[PDB]
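The chain below stands alone, shown as structure tokens; this is the form solved without the ligand.
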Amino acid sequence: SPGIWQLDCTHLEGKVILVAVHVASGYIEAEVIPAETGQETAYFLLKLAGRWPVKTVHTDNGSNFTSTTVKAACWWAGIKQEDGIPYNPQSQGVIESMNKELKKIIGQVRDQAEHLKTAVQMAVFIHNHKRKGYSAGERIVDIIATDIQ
């Protein structure tokens, strides 16, 4: 569980927001891309795995599961590439609610930047710092530290 991440792709302003969620904590990283490609997804995962100990990634769709480039990135970075089948139906709703939350935050900050990518990074910040009382950022560090110890 400490090493399990889930990919998620959502759309806004004719662009794609690619999100990685640390399942156990709700911590996220995200980027804006023109379109979801294996190339972009592969690069995103390479970045993620250099920053956090990513053991397993549940891909967001079958195209990214199939993509040889995504498979190669997962090979390179020592990531177990898995499907994203919601054998637990609650997964679906959690991701959906997260996308709605993220879009809400983006709306709340949208006039504070010209570019969508800037607003998205503001949303990442706000999401990860929000106390629910610990924040997702606090939870991921505690979970991983406990695992190391």
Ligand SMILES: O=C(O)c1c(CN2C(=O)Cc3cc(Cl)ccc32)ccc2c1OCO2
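The term rigid core refers to the most C-alpha atoms you can superpose between the two forms while keeping them within 1.5 Å. All residue numbers are counted from 1 along the displayed sequence.
Asker: Overlaying the structures in 4 other deposited structures of this protein on the rigid core, point out which of 44-52 and 90-98 has the bigger RMS C-alpha shift.
Answerer: It is 90-98 whose C-alphas lie farther from the shown form in 4 other deposited structures of this protein.
Asker: Please say, as none, 1 to 3, 4 to 9, or 10 or more, how many residues of the deposited sequence are without coordinates in the interval between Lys132 and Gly133.
Answerer: Unresolved stretch here: 4 to 9 residues.
Asker: Once you work out the mean C-alpha B-factor for both 24-32 and 90-98 from the entry, which is higher?
Answerer: In the deposited entry, the stretch with the higher C-alpha B-factor mean is 90-98.
Asker: Comparing average C-alpha B factors as deposited, tell me which of 8-16 and 122-130 sits higher.
Answerer: Taking the mean C-alpha B-factor of 8-16 and of 122-130, the larger value falls to 8-16.
Asker: When you compare the CA B-factors of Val57, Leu48, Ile85, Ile106 as listed in the entry, which one comes out on top?
Answerer: If I rank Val57, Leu48, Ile85, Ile106 by C-alpha B-factor, first place goes to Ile85.
The following text describes the form deposited with the ligand bound, which does not appear among the structures shown.
Asker: Verify the contact flag for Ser97: yes if a non-hydrogen atom of it lies within 4.5 Å of a non-hydrogen atom of the ligand in the deposited complex, no if not.
Answerer: Result yes; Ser97 sits at the interface with the ligand in the deposited complex.
Asker: How about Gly26 - does it come within 4.5 Å of the ligand in the deposited complex, if we only consider non-hydrogen atoms?
Answerer: Result yes; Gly26 sits at the interface with the ligand in the deposited complex.
Asker: According to a 4.5 angstroms non-hydrogen atom cut-off, is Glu82 in contact with the ligand in the deposited complex?
Answerer: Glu82: no contact with the ligand in the deposited complex.
Asker: Do any residues of 4-20 have a non-hydrogen atom within 4.5 angstroms of the ligand in the deposited complex? If so, which ones, in sequence order?
Answerer: Counting only heavy atoms within 4.5 Å of the ligand in the deposited complex, the single contacting residue of 4-20 is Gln6.
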